[PDB]
Amino acid sequence: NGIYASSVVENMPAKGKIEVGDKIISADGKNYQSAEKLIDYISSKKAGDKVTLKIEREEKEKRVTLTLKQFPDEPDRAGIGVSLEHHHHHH
């Protein structure tokens, strides 16, 4: 998820910033050994703040400045931060 995207909720500008299988080289020039570090580094710092995120596309790199955002339907919280309880077995 952190070092390997696959699916992310929209409802955001998504302009110049996309995540659907793409790979993130680094954020803010800061490298990461494991997804844990990437999540820890952010520690929830979206909405108003700005960061530089490089993406890889078929051996191509792009640089765009965008302003982070927060769930427009939940400003009280930001980022999933993994909270999906294992309670929902299936039903």
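Residues numbered from 1 in each chain as written, not as in the entry; some residues may be left out. Heavy atoms only, no water.

- What the entry reports as its method is solution NMR.

**Quick word on the overall build of the chain**
Inference 1: Counting its secondary structure elements, the chain contains one helix and five strands.
Inference 2: In the chain, the order of α-helices and β-strands from amino to carboxyl end is β-α-β-β-β-β.
Inference 3: Principal axes of the C-alpha set define a box for the chain whose edges measure 45 × 25 × 20 Å.
Inference 4: Split into buried and exposed, the 91 residues of the chain put 12% on the buried side.
Inference 5: A fraction of 47% describes how many contacts in the chain between residues 6 or more apart in sequence connect residues 24 or more apart.
Inference 6: Accessible surface for the chain amounts to roughly 7800 Å². Of this, 53% is attributable to carbon and sulfur atoms.
Inference 7: One way to put it: in the chain the 15 positive side-chain charges average out to a point 7 Å from where the 15 negative ones average out. (Helix = DSSP H or I, 4+ residues; strand = E, 2+ residues; numbered from the N terminus. Buried < 20%, exposed > 50% of the residue type's maximum accessible area, 1.4 Å probe, protein only. Contact = heavy atoms within 4.5 Å. Areas by Shrake-Rupley, 256 points an atom, 1.4 Å probe, with all protein chains shown as cover. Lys, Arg positive; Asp, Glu negative; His and termini not counted. Charge placed at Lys NZ, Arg CZ, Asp CG, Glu CD.)

**Here's the deal with the layout of surface pockets**
Inference 1: Considered as a void within the structure, the largest pocket measures approximately 1900 Å³ in volume.
Inference 2: Contributing elements (two or more residues each) for the lining of the largest pocket: strand 1 (23-27), helix 1 (35-42), strand 3 (53-56) and strand 5 (66-67).
Inference 3: Among the elements that make up the lining of the largest pocket, the one with the highest residue count is helix 1 (four residues). (1 Å grid on protein atoms, 1.4 Å probe; cavity = no way out; pocket = protein on both sides within 12 Å on 5 of 7 lines; lining within 4 Å. Points joined across faces, edges and corners; volume = space filled by probe spheres on them.)

**Section: the sheet that holds strand 3**
Inference 1: One open sheet accounts for three strands, arranged 1-3-4; its pairing is antiparallel. Both edges of this open sheet fall to strand 1 and strand 4 (61-62), since each of them pairs with a single strand only. (Pairing = 2+ DSSP bridges.)

**With respect to unusual backbone geometry**
Among all residues except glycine, the phi angle is most often negative; among peptide bonds, the trans geometry is most common.
Inference 1: You will see that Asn11, though not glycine, has its phi angle at about 60 degrees, which is positive.
Inference 2: For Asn11, the position within the fold is in the segment before strand 1.
Inference 3: Unusually for a residue other than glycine, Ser44 sits at a positive phi of about 70 degrees.
Inference 4: Along the chain, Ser44 turns up in the loop between helix 1 and strand 2 (50-51).
Inference 5: Taking relative accessible area as the criterion, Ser44 reaches 45% and is therefore assigned partly exposed.

**Regarding the packing of aromatic side chains**
Inference 1: Under the counting rule described, the total for this entry stands at one aromatic pair.
Inference 2: Ring geometry for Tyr32 against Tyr41: centres 5.6 Å apart, planes inclined by 45 degrees, an arrangement best described as tilted. (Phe/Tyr/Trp six-rings, centres within 6.5 Å; stacked < 30°, edge-to-face > 60°.)

**Considering the side chain of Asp22**
Inference 1: Tracing the backbone through its elements, the reader meets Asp22 in the segment before strand 1.
Inference 2: In this structure, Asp22 is buried with no salt-bridge partner, the nearest side chain bearing the opposite charge being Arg57 at 7.5 Å.
Inference 3: Residues in contact with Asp22, not counting those within four places in the same chain, are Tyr4, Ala5, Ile55 and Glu56. (Salt bridge = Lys/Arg side-chain N within 4 Å of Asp/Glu carboxyl O.)

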